[PDB]
Ligand SMILES: Nc1ncnc2c1ncn2[C@@H]1O[C@H](COP(=O)(O)OP(=O)(O)NP(=O)(O)O)[C@@H](O)[C@H]1O
Ligand SMILES: [Mg+2]
Ligand SMILES: [Mg+2]
């Protein structure tokens with residue numbers, strides 16, 4: 001009753017190795033995404049480790065591991081690839097969409113280099129929570145369908161339980177796929193990937209009547225829009241290597257990510273990123289640098305001129321999306337030219353006071369235009385900014401009430417803070433999944449107000 005196609009396998013020969021998952025020892029299902037399963041037509045009986053542990057294949061699957069390469073922290077890293085994951089198959093939905101089923105933690109692969117081919121419970125829990133949180137914030141992302149843990153030791157800085165995440169996404173194409181064949185000097189394979197992407201994900205483009213310029217122009221726009229959305233909610237990816245950039249503009253590969261607590265533009269959550277390359281405030285520039293690396297691979301068959309014109313459009317797209325999202329977050333229903341100074345003055349203040357990002361915006365969503373009605377060392381500077389902020393609000397001539405409702409629909413009450421995830425992980429390792437299930441539920445409603453500790457700052 002589920003329909004898998006062998007599209008990648010049949011259309012992109014020599015981009016993968018066929019092979020099967022390696023099962024863990026005493027694997028067992030600890031969580032699965034019941035809502036998403038209903039959307040994908042997966043019978044609920046399939047969840048009672050089976051395919052979620054890579055111990056069974058469903059009819060139509062033909063598992064392979066993809067090859068790719070990448071720049072890592074700005075330096076060419078050579079061959080990478082699906083070193084600890086496997087594309088089990090591609091499921092076609094009634095929508096006509098296809099959805100990759102990718103098993104992360106599936107065992108050793110020809111692409112594992114010196115890696116064990118395994119993922120650990122804590123990283124699979126964090127990735128499931130992050131990708132579902134992102135999805136309910138309305139930001140493009142891969143999705144999490146299931147987690148299995150095991151009794152199989154996996155050694156990181158300490159011994160951890162081996163685990164696997166069943167990841168679901170429209171595609172796993174990365175900028176690094178193109179880079180891989182470009183630097184191997186196989187420009188034909190580069191173009192094969194472009195044509196495949198256009199055929200299956202930009203089919204409204206008529207074949208070669210400007211298809212390549214228009215497609216890459218959309219690729220830029222989707223990455224700019226993705227970054228704009230991360231910035232707005234205070235998400236720091238932390239490992240924006242070119243192999244972790246999704247061609248479609250999906251958030252891809254959750255590792256040492258971080259949603260901001262205290263507002264700090266130079267926030268680094270990846271403690272291996274010693275130069276702060278992937279600090280929060282560099283994500284706009286880094287994503288442009290990554291697009292330029294992708295643009296490098298297409299110069300054999302796309303005019304270097306059209307490539308730079310598409311690269312040129314990046315900062316206007318990003319600024320359009322960011323500006324429209326911020327105006328909503330500040331409750332600006334119209335657009336006055338006071339807006340950029342009020343913003344710049346807010347972010348300057350928030351930074352000096354180390355204000356919590358999410359909480360500040362959610363509290364600002366209670367503002368009443370005519371009232372002056374506490375978290376700042378310099379209350380003098382706040383009430384002066386708040387004063388000029390509320391005066392500009394009155395210019396909208398819209399009610400206290402509908403501004404508040406607009407803001408509450410774009411400023412979440414809850415984000416996936418590191419200490420909420422940690423708490424679910426600690427409980428999970430002890431065999432209590434209740435916290436994990438409770439937190440996943442809460443993240444399906446980020447814009448709804450809460451009474452519990454899911455909306456508090458971390459305890460310190
Ligand atoms: N434990 C591991 N064993 C084998 N390969 C690994 C391991 N950890 C990372 N790699 C590979 O090292 C490269 C960089 O890792 P990373 O960007 O973190 O990807 P990943 O989290 O393993 N998989 P993904 O979410 O598909 O991008 C990729 O080729 C990974 O497949
Ligand atoms: Mg990766
Ligand atoms: Mg990773």
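A quick note on method: Cβ atoms are made from the backbone with ideal geometry, for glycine too, and the neighbour counts reach across all protein chains shown. Each answer follows from the model by the rule given with it, or from the source it names; none is laboratory data.
Remarks
- Failed criterion for residue 385 (all others in (1) surrounded by 14 or more Cβ atoms within 10 Å (Cβ to Cβ); (2) over 29 Å from residue 210 (Cα atoms); (3) out of contact with any helix residue (DSSP H, G or I) (no Cβ under 6 Å at 6 or more places or on another chain) hold): (3)
- Test set (1) in a helix (DSSP H, G or I); (2) more than 16 Å from ligand 3 (Cβ to nearest atom) - residue 243 fails condition number: (2)
- Extreme residue, nearest to residue 271 (Cα to Cα), among residues of the stretch 68-81 that are under 21 Å from the mean Cα position of the chain (by Cα) and within 13 Å of ligand 1 (Cβ to nearest atom): 73
- Close contacts from the stretch 100-116, counting a first residue that is in the same structural domain as residue 9 (by TED's automatic domain parsing) and more than 22 Å from residue 246 (Cβ to Cβ) and a second that is more than 15 Å from ligand 2 (Cβ to nearest atom) and in a strand (DSSP E or B), with Cβ to Cβ under 9 Å and a gap of 6+ residues or different chains, come to 110/17; 116/154; 116/155; 116/162.
- Some residue of the stretch 399-409 being in a loop (DSSP other than H, G, I, E, B) and in the same structural domain as residue 343 (by TED's automatic domain parsing): yes
- Among the residues of the stretch 224-243, the ones that are within 16 Å of ligand 1 (Cβ to nearest atom), closer than 25 Å to residue 297 by Cα and touching a helix residue (DSSP H, G or I) at 6+ places or on another chain (Cβ under 8 Å) come to 6 in all.
- Among all residues of the stretch 99-113, there is at least one that is surrounded by fewer than 22 Cβ atoms within 10 Å (Cβ to Cβ) and not in a loop (DSSP other than H, G, I, E, B).
- Listed here are the helices (runs of 4 or more DSSP H) enclosed by the stretch 299-361 that have at least 1 residues being assigned by TED's automatic domain parsing to the domain that holds residue 214: 304-312, 314-330.
- Selection count where residues are crowded, with 19+ Cβ neighbours inside 10 Å and touching a strand residue (DSSP E or B) at 6+ places or on another chain (Cβ under 8 Å), scope the stretch 197-228: 1
- Scanning the stretch 1-34 for residues that are surrounded by fewer than 16 Cβ atoms within 10 Å (Cβ to Cβ) and not in a loop (DSSP other than H, G, I, E, B) gives 5, 10, 11, 18, 28, 34.
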